[PDB]
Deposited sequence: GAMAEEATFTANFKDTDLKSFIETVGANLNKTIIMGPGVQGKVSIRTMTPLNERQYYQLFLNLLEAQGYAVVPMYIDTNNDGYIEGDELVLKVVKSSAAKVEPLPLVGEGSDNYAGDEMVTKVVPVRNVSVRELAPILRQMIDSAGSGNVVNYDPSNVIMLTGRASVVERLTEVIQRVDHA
């Protein structure tokens, strides 16, 4: 099960509200959530990766997501599908997101290289290491392309 998305100049509040619908999750919004969001999925994402995208895009704007476990039926069980989320103030430039499989190496091995690249690329660019041995990249497309080539070079080298 996967998510693709293309958002151009979208009100933050409307972005947030869409992710909630996609994920089937109640999102509660703090006061003064405002701003603009743009993103495009170069590859499909699965639910975790999409949620990570979410976290990534809100963070760029200065907004943190806080998960809350609420028991709406007083049964003493809070099932995963019923987590609530609270949002609150904490061409080569296109905002894109991509999943890169890594076939021959543990992904965490690549950290100290990518750490250097992201520090240099500057803010808005984020690498996420998935436990299934794939790296997720969010940031400016030129940067995402330069990370993708370094990931793949090291993989097949």
property	result
Segments lacking C-alpha coordinates (deposited sequence numbering, starting at 1)	1-6, 97-114
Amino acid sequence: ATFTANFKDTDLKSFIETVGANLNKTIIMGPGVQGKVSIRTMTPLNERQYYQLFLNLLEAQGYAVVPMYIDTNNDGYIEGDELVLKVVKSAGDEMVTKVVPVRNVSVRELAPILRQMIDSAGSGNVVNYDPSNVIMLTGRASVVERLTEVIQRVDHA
From here on, numbers count along this sequence of modelled residues.
item	value
27-35 versus 53-61 - which carries the larger mean C-alpha B factor in the record	27-35
Largest Cα B-factor, entry values, listed residues 128, 41, 125, 104	104
B-factor third for the C-alpha atom of residue 1 within its chain	highest
Within-chain third of residue 154 by Cα B-factor, per the entry	middle
For residue 88, the third of its chain into which the C-alpha B factor falls	highest
Among modelled residues of the same chain, the CA temperature factor third for residue 132	highest
Within-chain third of residue 46 by Cα B-factor, per the entry	middle
